[PDB]
2 protein chains.
Amino acid sequence: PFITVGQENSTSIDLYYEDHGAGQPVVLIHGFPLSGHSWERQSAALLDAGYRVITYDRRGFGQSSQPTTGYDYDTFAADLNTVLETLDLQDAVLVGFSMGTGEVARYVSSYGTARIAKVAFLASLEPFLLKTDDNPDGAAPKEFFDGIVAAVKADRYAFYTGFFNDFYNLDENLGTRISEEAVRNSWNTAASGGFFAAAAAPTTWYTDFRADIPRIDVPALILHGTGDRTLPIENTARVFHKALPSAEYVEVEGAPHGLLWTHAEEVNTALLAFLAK
Amino acid sequence: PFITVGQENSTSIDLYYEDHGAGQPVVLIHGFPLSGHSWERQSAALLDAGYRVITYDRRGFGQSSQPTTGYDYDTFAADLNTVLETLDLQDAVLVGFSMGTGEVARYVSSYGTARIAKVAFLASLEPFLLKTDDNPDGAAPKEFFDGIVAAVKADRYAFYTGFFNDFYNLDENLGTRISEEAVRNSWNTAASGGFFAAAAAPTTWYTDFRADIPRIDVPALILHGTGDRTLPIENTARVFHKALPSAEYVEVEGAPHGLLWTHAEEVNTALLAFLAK
């Protein structure tokens, strides 16, 4: 199913989405370079607890259109605004994973929370990944992220292998918490995403969300793995909880960046306990 | 890389140029007697901000051919027109520094702004540097510029030393805002330019741009240093600000003429804020 969010030359930019269940609407917004199907273990848990689950694929990923324009959080948040207005959701919960935590913060900042009852940030980007003079809490200088973009442009298909090795801490989790088959499925999803988005999306990772955070005026959850090699907990979740002290806060012991799958039970128990309130 | 702009006897006239990054095209047009490389501090900032940066070396300067013909703003603007058509640049921003502010105004005036989104004038020549009866705001009468031509023809290599002393306000900035090594690099660039262009270019500095200014019909930025010893702000930017009151206007307190280097942080902040609109 698709929702049109804009036009690109002679084509419409359509985002693939699904809408399941009945109950309070929970919108799940996936990370790079996957799709709304990456939430399958959380979608199953939410459906089992009587929620309505809505998922969509960010432009350039999954089954959505693959434009060569719009890779920036104002456009990503305008796409989410179109989704939410089209579905006319009320009392909705927005749950972001990694890149999706940017859509949540920028959307609440720019459009407000009239349709929103709660937000959850899992494996967050916030507050601002660049290590700069004005942001000493950042994870790394911009040249580090520039090198990731260059590696995608050199051969995205080979880049995905090393990417998922650190995304899922495969040296620790392959064969225990994640099978070789589930990693292969992630690689297939990544390769199905657009070539342009694959290399342009990482330039948005280090967006500065510090001015968006004070506008988060609904109940919030921040959750992160202590073994996240991709987005270090010290420069993301721990600093984000200082910036958003009203949020509930959970650290999942030993979990990697790809904790929706490897630590599904720990994510699902924490997310449903938060949504029950 | 080179773009051919014409023929001189048995030779072609080729302008050196570079084309980096991706996104909205930003064309940077340098001043005398330097080259596209003099924008390195701005180029780095624009590339990091997601723009496509195009630089070229004016005929007779940098690594471009050194003809003994064409030192006038109609030719200079026709050279820019060839660069823009050769590259098919569209929705482009034109940024001039000092002599480059002549290309920007003369191009927009003669050719119009179908290809151009915005224009920026840094350390401008405009509106008309010659002091006359009809133009009392000019900086100096023709004899001053005839004296500069004659000094360049007498020994251009020695001329560059005192010229850069005033350009960068070295009595204030040497060893703080500009190193002796960076000044030496500027002298080397100047010595690499053509002998003929070195002495022909000063006659063009007092071109009258008063009829070109009313033809600027896209958003504009005018920025100048208040300590400019080369192009006094009271004969240039402050007069220009009255002739084009709709332009964003920035005075960089205490900055010299060579503010792309000495006050790069201020220039980059103003330029990126202007381009983000």
Side-chain angles (χ1 to χ4, degrees), chain A residues 3-9 11-15 29-35 56-62 64-85 94 96-112 121 124-130 132 135 138-139 142 144-146 148-150 152-153 193-213 215-216 231 236, chain B residues 21-26 45-53 91-93 117-118 268 271-277:
Chain A
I3 290 167
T4 300
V5 298
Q7 300 299 132
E8 185 190 26
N9 300 349
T11 67
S12 70
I13 301 172
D14 291 345
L15 305 189
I29 311 185
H30 74 88
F32 176 94
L34 302 188
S35 75
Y56 72 98
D57 295 357
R58 181 177 293 98
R59 60 168 62 204
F61 298 89
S64 288
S65 297
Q66 305 178 345
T68 60
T69 60
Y71 296 96
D72 62 85
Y73 274 99
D74 286 338
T75 300
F76 298 152
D79 287 357
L80 172 60
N81 182 61
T82 294
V83 173
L84 300 174
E85 294 302 308
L94 305 180
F97 175 78
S98 203
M99 279 188 69
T101 61
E103 268 88 351
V104 178
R106 182 55 53 74
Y107 170 81
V108 167
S109 179
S110 289
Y111 298 94
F121 299 99
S124 307
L125 296 173
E126 285 87 355
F128 178 24
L129 287 173
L130 296 189
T132 67
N135 192 55
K142 188 175 175 287
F144 172 80
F145 295 105
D146 295 342
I148 293 174
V149 169
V152 177
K153 289 188 109 184
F195 77 93
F196 191 99
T203 67
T204 73
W205 295 350
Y206 53 80
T207 294
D208 185 357
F209 296 105
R210 289 178 294 170
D212 296 313
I213 296 164
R215 298 188 185 113
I216 299 166
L231 295 182
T236 52
Chain B
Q24 181 174 31
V26 180
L46 286 165
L47 295 167
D48 276 340
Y51 291 95
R52 176 185 177 190
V53 180
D91 194 39
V93 174
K118 302 180 174 68
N268 293 347
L271 189 59
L272 291 178
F274 170 68
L275 300 187
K277 306 200 177 168

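The basis for the numbers below is simple: all heavy atoms, side chains too, and nothing from hydrogens, waters or symmetry mates. Below, chains carry the letters A, B, ... as their sequence lines are ordered, and counting in each starts from 1.
- In terms of heavy atoms, A/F121 sits closest to A/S124 at CB-OG, 3.2 Å.
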Could you go through A/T69 and A/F196, starting from their C-alpha distance and side-chain angles, then the distance that decides it, and tell me whether this counts as side-chain contact (heavy atoms from CB on, under 4.5 Å)?
CA-CA 9 Å; A/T69 60; A/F196 191 99; over 6 Å; no
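- The two atoms that bring A/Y71 and A/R59 nearest to each other are CE2-O, 3.4 Å, heavy atoms only.
- Atom CD1 of A/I13 sits about 7.0 Å away from atom OG of A/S65, to the nearest 0.5 Å.
- Checked against A/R106 for a side chain to side chain donor-acceptor pair (under 3.5 Å), the options A/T207, A/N81, A/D74 give a single hit: A/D74.
- Between the side chain of A/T203 and the backbone N or O of A/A199, no donor-acceptor pair lies under 3.5 Å.
- Between A/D208 and A/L130, the closest side-chain pair of non-hydrogen atoms is not below 4.5 Å.
- Here the side chains of A/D146 and A/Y206 are in contact, with some heavy-atom distance below 4.5 Å.
- Separating the CG atom in A/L15 from the CG atom in A/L80 is a distance of 10.0 Å, to the nearest 0.5 Å.
- With a 4.5 Å cut-off on side-chain heavy atoms, B/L275 and B/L46 count as touching.
- In this structure, the side chains of B/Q24 and B/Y51 come closer than 4.5 Å at one or more pairs of heavy atoms.
- How far NZ of B/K277 is from CG of B/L272: 13.0 Å, rounded to the nearest 0.5 Å.
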Show your reasoning for whether side-chain contact (heavy atoms from CB on, under 4.5 Å) applies to A/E85 and A/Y111.
CA-CA 11 Å; A/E85 294 302 308; A/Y111 298 94; over 6 Å; no
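- We find the CD-CD distance between A/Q66 and A/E8 to be 10.0 Å, quoted to the nearest 0.5 Å.
- Looking at every heavy atom in both residues, A/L34 comes nearest to A/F61 through O-CB, 3.4 Å.
- Counting heavy atoms from C-beta outward, A/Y73 and A/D212 have side chains that stay 4.5 Å or more apart.
- Put simply, the side chain of A/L129 reaches to within 4.5 Å of the side chain of A/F145, judged on heavy atoms.
- Taking each heavy atom of A/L125 and A/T101 in turn, the nearest pair found is N-OG1, 3.1 Å.
- Contact check for A/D79 versus A/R58: no side-chain heavy atoms found under the 4.5 Å cut-off.
- Counting all heavy atoms, side chain and backbone alike, A/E126 lies closest to A/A105 at OE2-CB, 3.1 Å.
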Candidate pair B/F274 and B/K118, rule side-chain contact (heavy atoms from CB on, under 4.5 Å), full reasoning
CA-CA 9 Å; B/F274 170 68; B/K118 302 180 174 68; 3.8 Å; yes
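- The two residues A/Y107 and A/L94 come nearest to each other via the heavy atoms CD2-CD1, 3.9 Å.
- Defined by atom type and a distance below 3.5 Å, a donor-acceptor pair is present between the side-chain atoms of A/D72 and A/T75.
- Side-chain contact between A/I213 and A/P127: present, with at least one pair of heavy atoms (C-beta onward) separated by less than 4.5 Å.
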